[PDB]
There are 2 protein chains.
Amino acid sequence: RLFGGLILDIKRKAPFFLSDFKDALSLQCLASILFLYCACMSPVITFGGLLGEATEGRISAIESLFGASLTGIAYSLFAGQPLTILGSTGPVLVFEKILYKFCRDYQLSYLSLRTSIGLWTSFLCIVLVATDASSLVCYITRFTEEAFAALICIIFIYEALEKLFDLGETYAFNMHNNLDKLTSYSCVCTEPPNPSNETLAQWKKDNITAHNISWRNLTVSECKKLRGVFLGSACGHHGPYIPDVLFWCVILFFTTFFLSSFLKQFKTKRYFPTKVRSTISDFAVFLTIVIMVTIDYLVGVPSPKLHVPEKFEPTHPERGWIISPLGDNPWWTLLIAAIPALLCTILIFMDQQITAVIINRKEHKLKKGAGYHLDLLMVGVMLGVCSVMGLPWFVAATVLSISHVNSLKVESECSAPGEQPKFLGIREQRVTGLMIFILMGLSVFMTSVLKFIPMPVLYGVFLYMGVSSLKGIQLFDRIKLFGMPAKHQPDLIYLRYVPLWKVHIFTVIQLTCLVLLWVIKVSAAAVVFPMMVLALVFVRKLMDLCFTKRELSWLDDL
Amino acid sequence: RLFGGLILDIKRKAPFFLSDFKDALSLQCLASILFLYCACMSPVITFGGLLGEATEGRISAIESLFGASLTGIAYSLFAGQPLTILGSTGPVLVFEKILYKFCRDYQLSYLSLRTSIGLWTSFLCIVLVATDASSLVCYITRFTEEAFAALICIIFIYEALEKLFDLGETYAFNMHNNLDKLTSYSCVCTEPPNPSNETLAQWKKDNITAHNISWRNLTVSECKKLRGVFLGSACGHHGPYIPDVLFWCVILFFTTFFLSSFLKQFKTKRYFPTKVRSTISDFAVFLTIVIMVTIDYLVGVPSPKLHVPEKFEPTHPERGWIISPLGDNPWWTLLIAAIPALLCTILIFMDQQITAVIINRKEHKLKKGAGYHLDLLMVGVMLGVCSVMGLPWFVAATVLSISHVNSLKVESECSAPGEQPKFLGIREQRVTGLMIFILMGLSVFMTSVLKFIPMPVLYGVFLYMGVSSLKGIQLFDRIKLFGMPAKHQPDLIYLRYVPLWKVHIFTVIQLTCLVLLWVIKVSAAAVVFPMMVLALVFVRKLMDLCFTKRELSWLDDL
Ligand SMILES: *[C@@H]1O[C@H](CO)[C@@H](O[C@@H]2O[C@H](CO)[C@@H](O)[C@H](O)[C@H]2NC(C)=O)[C@H](O)[C@H]1NC(C)=O
Ligand SMILES: *[C@@H]1O[C@H](CO)[C@@H](O[C@@H]2O[C@H](CO)[C@@H](O)[C@H](O)[C@H]2NC(C)=O)[C@H](O)[C@H]1NC(C)=O
Ligand SMILES: *[C@@H]1O[C@H](CO)[C@@H](O[C@@H]2O[C@H](CO)[C@@H](O)[C@H](O)[C@H]2NC(C)=O)[C@H](O)[C@H]1NC(C)=O
Ligand SMILES: *[C@@H]1O[C@H](CO)[C@@H](O[C@@H]2O[C@H](CO)[C@@H](O)[C@H](O)[C@H]2NC(C)=O)[C@H](O)[C@H]1NC(C)=O
Ligand SMILES: *[C@@H]1O[C@H](CO)[C@@H](O)[C@H](O)[C@H]1NC(C)=O
Ligand SMILES: *[C@@H]1O[C@H](CO)[C@@H](O)[C@H](O)[C@H]1NC(C)=O
Ligand code: NA
Ligand code: NA
Ligand code: NA
Ligand code: NA
Ligand code: NA
Ligand code: NA
């Protein structure tokens, strides 16, 4: 029948609707909210700023904030597994870059074509929900759901490190200064000899006379605007050297990670009460942020800070929030815009479904059942709504969702004569995501407070999340201690039943696939990256050949 | 009889003399030498500089280096337990200060009186060796040998941290600068209006005319010498702000400690060969120094460096190395100088014997026997020699000796059946100390290489040594997990046979004594600090009262 899977999922999920809200009456829920609000805001603002730069000021940060708030609210209220956090995906930012120049190349209107493409993508997603294609989830095995996770976590860690490495270019220090000659250490703005006729043109259309302007007062920004030349002993590539800002950022970045790691380990200590070993051990990354913000405020070094937009009206002065599919375009662009819609729908479907498969793993001991058809239906509906309103596209994010799940773990009480309380289950609820995405939409009113949060602290939090998300994957348990290392082995039940060289070959097979994914990740096919989930399944099928089925579904499997 | 204990100790130690040299044919010996050379040099130079400042340039760093080399060589060649490292104690830099005002307030010669006092102290030490008073070692129990270790280690850690905290005063950064106004950020030396008549006097006896001198070129050191005034936007309390030197020092200090801790943990890893898990796991703090020196050289920020003196002749131009007891003093100062000799001999005897008791603990599983009379005899002989030559006094150091012993530990090669390799014994030898104290005396020729070692790296090494020396003390094993904490307990055999509240009272008794030692450590009695070892024994005697002897020598004396 049609819509049969959706009806079955709604019937399964309906009984637990009230329990989903009632189960959120503990402190760990507020701890997760405060943990994830800051860690989820920063990517949204960065993506919004990048898209506004790429689109000449059409889709800026405020539209990204509003779209994220709307999509998160309507996903947390009505969906399947509510522990999935929708988040702005890098890939998208690629799809606009080719699009806008395309709209610049011929003579087309960007917003109308984008809205038509989004509407047709939403229609195709609804059709896919009708056909019940999500049953293809039955084909994904542990092989993919333990490679993709490792690749995404490693990429996240590398991006977190690269974001810190980038700070050295903007804030360049002096590699060779004499501490005895500080009396002769200054930068001065002077007029440029024989300036380029381009700059002369600039001055003329700005009515700028070289002679009358005082040059010895112009500050760095004004000097760069007026195209001046710096002449001094503290000059650099472009602009005076910035003293002691980079190393303070490095100290902030590493101290935040180390302090969070230390504070998230009081559930193993013994010299404390039971209400102090689980109240500053579940609040490890919110106490860290406050402490580091206070330290940064006391020291007073001007490190980069978080800028949240203050206005509420749209960025472009003529962007009243509605976009008809066709207002300044020929009628055939609607019928041509459907061609990219198939690719976009397939890509979004595969990304959302692989994230849902990763989240609903059997090791998390889910009690309330999960549904895949409703997730895709609501993702498509909000994709259409966001496309009509002129808002950026949002799909599931893997690292954020894994960190959300890991923050609601429930552990038992004993552990000294035993160890690390046995994991009993994930706290199943719907208030955490709703509150996170409500607070995201209200950040326009709390700008005066969010301006005190330095960026290196957020980068350290990102690195901590990326490192902590690794714990749990089965891949590493082989990769770490099987391929090369030593001779003796741990228990590792799968060995209790199979040859060692077979395990080596199995690990090598996964490693080659991971390397291939990394190589073709950036390449020229980053546009169609997640489509590769259609390739690992083919390799898994072509593995029963030189593998007996017993070894096959004993060393993989689950 | 007379000298009986010395004869017995010589008879015990004679058989193993050749084995002591032959057992030093492994790599761990060179590893210990390279570990301890740098960690032992820096205190010597710092103490020498401080004493030269306090004595107006009579006993500078070069005399300290030469005295340390001589004393270490003659102690390693002929002594008892050769794992004790003689080192310049802090207490002395106080005697040799007061003894300076004196020789001035009155009208005495410093070197002659100091030599007479040292000679009489050496004579009293030889008499103590003759009387065989070192048998009083039989009275020291585990109670003291586990406080005086904990107190010394904690003091060492605090001093290592304070040495880093001190760097903020010399290199002061700017707590509030505007990054847009770097075009107006400079310091300028200008002539001081209505300068003090003191400075006028200075200029007159130096023939310095205010008018003709150019003030806009004088550098920071020249400006401070000429008593100028700084007038600019980058000025501070005294002198221009130093950009990005303090935070680089902090990064060096903490990175060295973290990297050393990480590198000294490859004896637990499993994904490496057996010749790479014990060649960069016993060379953990010498690879760290090289890596951090290379990083500091590549970055190029002018952090403080290690200054080793280059000259070989004595500091004062008339200090030909010999000092007759009386050359410019009345003949009764020799007979009066004996009064402080009793106190100095008692103090040195108690310090050396408590260090020897700590080192020769039964847990280290010493095979070759130890002797206490010969240690004191040779310490006294070299104290007399150093006093005659005009060199600073050297006695045993606790943290350095403990780190020397811990660096020669021999571990087994079986961690799979059981656990971490069971400690088999301390490698007993005499080449390590001899080579360390030979290399210390040759540092005057390798100044061009030692100048590249930054000081924060050495402070990080000091902190690592102070932290690692804590591991092993029984005190903490109670202090950590008995007094306040939780309800359940580990095995801890002493409990297998006694009341818990008794253990609490026992720990409280030790804590009160430790607090008293800390309080009277600085006080006004730091001169007579180690004499307190005569007080803990009295408390130990007055503990059998409200303690049955069974509980007493089951929880206490091991
Ligand atoms: C670059 O600036 C120069 C300097 O004013 C200008 O060069 C003139 O170029 C035109 C032809 O394009 C000539 O007829 C003039 O004689 C040139 N000026 C001189 C002083 O020789 C011009 O403004 C800029 N050059 C170009 C090619 O636009
Ligand atoms: C920069 O502008 C100021 C403002 O006129 C001038 O520099 C000095 O500013 C202070 C404070 O306002 C006053 O003593 C005088 O206005 C200026 N002192 C002088 C010129 O000796 C000046 O116009 C500009 N500075 C330079 C170097 O051109
Ligand atoms: C401090 O400098 C002042 C300024 O030159 C001097 O003060 C003179 O003090 C003597 C007595 O000590 C008087 O006879 C002079 O008349 C003082 N000078 C003036 C100008 O009044 C002197 O060099 C210094 N002061 C002292 C007390 O030594
Ligand atoms: C500092 O001494 C120098 C040396 O005479 C002078 O400053 C300039 O130095 C450069 C390089 O030697 C030369 O252009 C001239 O010697 C100086 N230029 C000038 C004075 O315009 C000057 O004597 C001193 N500087 C000041 C500011 O007094
Ligand atoms: C330059 O001069 C013109 C005419 O004199 C004037 O219209 C224009 O506004 C001036 N430029 C600026 C930036 O005001
Ligand atoms: C100052 O002048 C006197 C005599 O004119 C001279 O002896 C003295 O050397 C000069 N000062 C210096 C530092 O040379
Ligand atoms: Na990711
Ligand atoms: Na990231
Ligand atoms: Na994803
Ligand atoms: Na010490
Ligand atoms: Na120290
Ligand atoms: Na000592």
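Residues numbered from 1 in each chain as written, not as in the entry; some residues may be left out. Chains lettered and ligands numbered in written order. Heavy atoms only, no water.

Per the PDB record, this model was obtained through cryo-EM at a reported resolution of 3.3 Å.

Another point: the overall build of chain A. A tally of regular secondary structure across chain A gives 23 helices and six strands. Its C-alpha atoms give chain A a radius of gyration of 27 Å, within 12% of the compact-globule value 24 Å for 558 residues. By its C-alpha atoms, chain A is 85 × 70 × 50 Å across when sized along the principal axes. Here chain A, with 558 residues, has 49% of them falling under the buried criterion. When contacts within chain A are restricted to residue pairs at least 6 apart in sequence, those whose partners lie at least 24 apart make up 81%. Summed over all atoms, the accessible surface of chain A reaches about 28000 Å², with 67% contributed by carbon and sulfur. In chain A, the 49 positive side-chain charges and the 40 negative ones have mean positions that sit 6 Å from each other. (Helix = DSSP H or I, 4+ residues; strand = E, 2+ residues; numbered from the N terminus. Rg over C-alpha atoms; globule rule 2.2 N^0.38 Å. Buried < 20%, exposed > 50% of the residue type's maximum accessible area, 1.4 Å probe, protein only. Contact = heavy atoms within 4.5 Å. Areas by Shrake-Rupley, 256 points an atom, 1.4 Å probe, with all protein chains shown as cover. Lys, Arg positive; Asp, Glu negative; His and termini not counted. Charge placed at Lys NZ, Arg CZ, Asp CG, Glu CD.)

A word on a negative patch on the surface. All names here are of chain A. A contiguous patch of negative charge on the surface is contributed by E159, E162, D166 and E169. Here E162 shows up in helix α7 (residues 148–165). Exposure remark for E162: the relative accessible area of 43% places this residue in the partly exposed category. (Patch = residues over 30% accessible without salt bridge, like charges linked within 9 Å, V, L, I, M, F, W, Y side chains within 5 Å. Salt bridge = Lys/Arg side-chain N within 4 Å of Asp/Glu carboxyl O.)

Superposing chain A onto chain B takes a rotation of 180° plus a shift of 0.1 Å along the axis, which leaves an RMSD of 0.3 Å. Considering both components of the superposition, the chain copies are consistent with a two-fold axis. Identified as the residue of chain A closest to the rotation axis by C-alpha distance is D244 of chain A, at 2.1 Å. Both copies contact each other with a shared surface, as 100% of the interface residues of chain A are interface residues in chain B too. (Least-squares fit on C-alpha atoms.)

Bringing the domain arrangement of chain A into the picture now. Here chain A is partitioned into domain 1 (4–171 + 245–410 + 422–472), domain 2 (185–230) and domain 3 (476–555). Summarising the inter-unit geometry, the C-alpha centres of domain 2 of chain A and domain 3 of chain A are found 61 Å apart. (Domains from an automatic or database assignment.)

To continue, consider the environment of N217 of chain B. Mapped onto the elements of the fold, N217 of chain B is located in the loop between α9 (197–205) and α10 (220–225). Along the chain, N217 of chain B and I339 of chain B lie 122 residues apart, while their C-alpha atoms are 57 Å from each other.

A separate point is helix α21 (residues 500–522) of chain B. Residue and element names in this part refer to chain B. With 23 residues, α21 ought to run about 33 Å at 1.5 Å a step, and its terminal C-alpha atoms sit 34 Å apart, in line with that. Every buried residue of α21 is listed here: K502, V503, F506, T507, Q510, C513, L514 and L517. Contacts from the buried residues of α21 go to α7 (148–165), α20 (474–479), α22 (533–541) and α23 (549–555). A positive backbone phi angle near 35° is found at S523, which sits one or two residues after α21. (Expected span 1.5 Å × (residues − 1).)

The next point concerns the nonpolar core. Within the largest apolar cluster, 173 residues are counted, with the highest numbers of intra-cluster contacts made by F247, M440 and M465 of chain A together with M440 and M465 of chain B. Not counting residues up to four positions away in its chain, the partners in contact with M440 of chain A are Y37, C40, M41, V44, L65 and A68 of chain A. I140, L377, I402 and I473 of chain B belong to the second-largest nonpolar core, a separate cluster that totals 29 residues. (Core = buried A, V, L, I, M, F, W, Y, C linked by side-chain atoms within 4.5 Å.)

Moving on: the environment of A210 of chain A. Residues and elements named next belong to chain A. Assignment of secondary structure puts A210 in the loop between α9 (197–205) and α10 (220–225). Assessed through its relative accessible area of 32%, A210 is described here as partly exposed. When the C-alpha atoms of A210 and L200 are compared, they prove to be 9.3 Å apart, with ten residues separating the residues in sequence. Apart from residues lying up to four places away in sequence, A210 is in contact with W203 and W215.

Glancing now at the UniProt feature "disulfide bond" in chain A. All names here are of chain A. Judged by the 2.5 Å criterion, the UniProt-annotated disulfide of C187 with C189 is missing, its S-S distance being 10 Å. Its location among the elements puts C187 in the loop between α8 (167–170) and β2 (189–190). Inspection of the secondary structure puts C189 in strand β2. Judged by the under 2.5 Å criterion, the sulfur atoms of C223 and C235, which UniProt pairs in a disulfide, are too far apart at 9.3 Å to be bonded in these coordinates. Along the chain, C223 falls in helix α10. Assignment of secondary structure puts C235 in the loop between β3 (229–230) and α11 (246–263). (Disulfide = S-S within 2.5 Å. UniProt positions renumbered as here; feature names shortened; annotations may be inferred.)

Residue and element names in this part refer to chain B. Residue placement: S303 occurs in the loop between α12 (284–299) and α13 (333–336). There is a polar contact of 3.3 Å between the side chain of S303 and the side chain of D296. Sequence-distant contacts of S303, that is, excluding residues within four places in its chain, are made with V245, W248, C249, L252, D296 and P454. (Polar contact = N/O pair within 3.5 Å; in protein donor to acceptor, adjacent residues only side chain to side chain.)

Now for helix α3 (residues 27–54) of chain B. Residue and element names in this part refer to chain B. An ideal rise of 1.5 Å per residue puts 40 Å on 28 residues; α3 measures up with 42 Å between its terminal C-alpha atoms. The largest bend in α3 comes to about 25°, at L36. Counting buried residues in α3 gives 20 out of 28 residues, a clear majority hidden from the surface. Immediately beyond the C-terminal end of α3, within one or two residues, lies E56, with a positive phi of roughly 60°. (Bend = angle between axes of the 7 residues up to and from the residue.)

Positionally, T255 of chain B belongs in helix α11 (residues 246–263). Distance from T255 of chain B to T288 of chain B, taken between C-alpha atoms, is 9.3 Å for residues 33 residues apart in sequence.

All names here are of chain B. Running from amino to carboxyl end, helix α4 (residues 61–77) crosses helix α15 (residues 373–389) at an angle of 150°, the nearest separation of the two axes being 10 Å. The angle between α4 and α15 places the two elements in the roughly antiparallel class. Viewed along their axes, α4 and α15 form a crossing whose handedness is right-handed. Between α4 and α15, the residues in contact are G67, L70, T71, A74 and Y75 and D375, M378, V379, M382, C386 and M389, respectively. (Axes fitted to C-alpha atoms, helices over the stretch in contact; angles between N-to-C directions. Parallel < 35°, antiparallel > 145°, perpendicular 65-115°, else oblique. Left-handed = near helix turned anticlockwise from the far one by under 90°.)

Within the element layout of this structure, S134 of chain A appears in the loop between α6 (110–131) and α7. Sequence-distant contacts of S134 of chain A, that is, excluding residues within four places in its chain, are made with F349, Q353, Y372, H373 and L376 of chain A.

The next subject is the pattern of salt bridges. Residue and element names in this part refer to chain A. Enumeration over the complete set of coordinates arrives at 18 salt bridges over all chains. Across the pair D296 and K305 runs a salt bridge whose closest N-O atoms are separated by 2.8 Å. The exposure class of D296 is buried, given its relative accessible area of 1%. One continuous salt-bridge network, built from bridges that share partners, spans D20, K368 and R430.

A few words now on unusual backbone geometry. Residue and element names in this part refer to chain A. The residue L492 is not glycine, and still its phi comes out positive at about 50°. Relative to the assigned elements, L492 resides in the loop between α20 (474–479) and α21 (500–522). Here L492 falls in the buried class, since its relative accessible area comes to 15%.

What follows is about the interface of chain A and chain B. It is common to give the size of an interface as the accessible area lost on bringing the parts into contact. Counting residues at the interface gives 38 residues for chain A and 38 residues for chain B. Of the roughly 3300 Å² buried at the junction of chain A and chain B (both faces included), carbon and sulfur atoms supply 66%. Counting across the chain A and chain B interface gives zero salt bridges. Where the side of chain A that touches chain B is concerned, the elements lending two or more residues are α10 and α11 of chain A. If one sorts the elements of the side of chain A that touches chain B by residue count, α11 of chain A sits on top with five residues. In terms of residue class, the side of chain A that touches chain B is made up of 27 nonpolar, six polar and five charged. (Buried area = accessible area lost by both parts, 1.4 Å probe. Nonpolar A, V, L, I, M, F, W, Y, C, P; charged D, E, K, R; others polar.)

As a further point, take the packing of aromatic side chains. The full count for this structure, using the stated rule, is 46 aromatic pairs over all chains. Relative to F21 of chain A, the ring of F17 of chain A has its centre 5.4 Å away and its plane inclined at 85°; by these criteria the two rings are edge-to-face. In this pair, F17 of chain A and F21 of chain A are both assigned in helix α2 (residues 17–22), four residues apart and thus about one turn of the helix distant. With relative accessibility at 28%, the residue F21 of chain A sits in the partly exposed group. Note on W248 of chain A and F247 of chain B: the rings are 5.1 Å apart at their centroids and 55° apart in plane angle, and the pair reads as tilted. Taken as a pair, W248 of chain A in helix α11 and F247 of chain B in helix α11 lie in two separate chains rather than in one. Residue classification places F247 of chain B among the buried residues on the basis of a relative accessible area of 8%. (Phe/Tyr/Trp six-rings, centres within 6.5 Å; stacked < 30°, edge-to-face > 60°.)

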